Every structure is written in structure tokens, then in C-alpha cells.
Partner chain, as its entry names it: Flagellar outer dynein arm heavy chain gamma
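One chain is shown next in C-alpha cells, namely the form deposited without its partner chain.
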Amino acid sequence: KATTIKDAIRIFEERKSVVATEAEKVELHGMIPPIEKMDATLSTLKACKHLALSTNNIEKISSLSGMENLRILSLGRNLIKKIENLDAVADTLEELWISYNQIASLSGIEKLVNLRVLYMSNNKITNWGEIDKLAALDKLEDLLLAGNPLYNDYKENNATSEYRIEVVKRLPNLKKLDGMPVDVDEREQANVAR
């Protein structure tokens, strides 16, 4: 019943009139019935730079081998709980878009050594120890955490400004946070405290 990767690719090729093995952006989002599993058919997407698997029912990241040029992995609005099984794309992946999932731990994110952009609004991160795990990512410049419990804690206390300083204290070279540039004043506040 669930849409398979093979079937979603066929739907995409018919909608976009392209050969999916040659496409840079492969649009597999919002299938009806939803996709539930990533699988080995993804290995056929040899040209893919942006894989859009958002708005499905995927529970597990898997099956990313064979996409040698993948830059953007888009998995927002699924049922994912864990960052894992990304080794096959770590050498090229620059952006992980995974907002509106159920991720409570950032363990595993450290394998994405080339990551520049992490969009993960509306997940289940509750505490600063998870954010500390992002400090290893030397190229991370754009981060979205809005809607996670940790973010909401500060918003509930009208202290989002304080939350932003705490992020930049941990991530000193971050350039953009929750869609808003890190202001020089925020960087200096984080510095004079760090």
C-alpha cells in the first residue's frame, strides 16, 4: 500500500518529464499513500544533488548509497526519530532539512563533517547538551531550532534573545539562526561570556 521509492520516481518522471537518473533535484515529496521506507532504488539517482522526501511517513533514514553528488537531503514532515545511516553521503552532504520530525537526540549529526545548513524546526530537542553536539561541525553556518522544546522554553519566558546568545556561545561561527542573521552584538555578547 505505501508508495515505494520506485513508484514515487515513476510519478516524478511523469510529472516533470525527465529521466530521474539524470535529475539534479528529485521530487518525491507528499506521496499518496505516503512513502514509508527508503530503499536501494535511491542508488539509481546518480545525478541527484537535492533529494526531496519530505511530507511522507518515513520512520528511518536508510539506503543513501549510490548518490555520489548529494548536497541537500530533505526529510521534513516525516516520522524520523534518529540521525543515523548517513555515512554514504557524509563526504558531500552540505544541508540536512529535517524539520517536523520527532528527533530528540543529535547523536550521529557529527558524521556530517561538511554540513553547512541544518533545518530542524519542530523536533523534540529538550536541552543544551544536544546542541553541544553541533560544535564539532566546523562548517555549520545556518541553523533552525524554532519549535523544539528547548527553543520554546525560552520563548515561554520571553527570553528568546537569551537563547540566541546561548546558541552562539556554543557555535561561535554560526551566521544565521532561526532565519535571522547572528548580529555582531550577539556574537560579542557570546564572546565576552564564552
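Positions refer to the first chain, counted from 1.
Looking at 79-87 and 119-127 together, the entry lists the larger mean B-factor for 79-87, computed on C-alpha atoms. As the entry records it, the average C-alpha temperature factor is higher for 133-141, out of 159-167 and 133-141.
In the deposited coordinates, the residue among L28, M38, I32, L70 with the greatest CA B-factor is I32. Sort the chain's modelled residues by C-alpha temperature factor and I9 lands in the middle third, per the entry. Split the chain's modelled residues into thirds by C-alpha temperature factor. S65 is in the middle one.
Annotation for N114: C-alpha temperature factor in the highest third relative to the rest of the modelled chain, per the entry. Sort the modelled residues of the chain by CA B factor and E22 lands in the highest third.
Ranked against the other modelled residues of its chain, the C-alpha B-factor of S54 as given in the entry falls in the lowest third.
This protein has a second form, the form solved in complex with its partner chain, left out of what is shown; the following refers to that one.
Shown alone, this chain has one stretch from 61-69, 31-39, 129-137, 165-173 that lies within 4.5 Å of its partner chain in the entry with it bound by heavy atoms: 31-39. Although the partner is absent here, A104 lies well away from its partner chain in the entry with it bound, with no heavy atom inside 4.5 Å. With a 4.5 Å cutoff on heavy atoms, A52 counts as touching its partner chain in the entry with it bound. With a 4.5 Å cutoff on heavy atoms, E186 does not count as touching its partner chain in the entry with it bound; it lies far away. Of the heavy atoms in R77, some are within 4.5 Å of its partner chain in the entry with it bound. Proximity of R15, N122 and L144 to its partner chain in the entry with it bound is complete: all three residues have a non-hydrogen atom within 4.5 angstroms.
Residues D178, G179, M180 of 149-180 are found to place at least one heavy atom within 4.5 Å of its partner chain in the entry with it bound.
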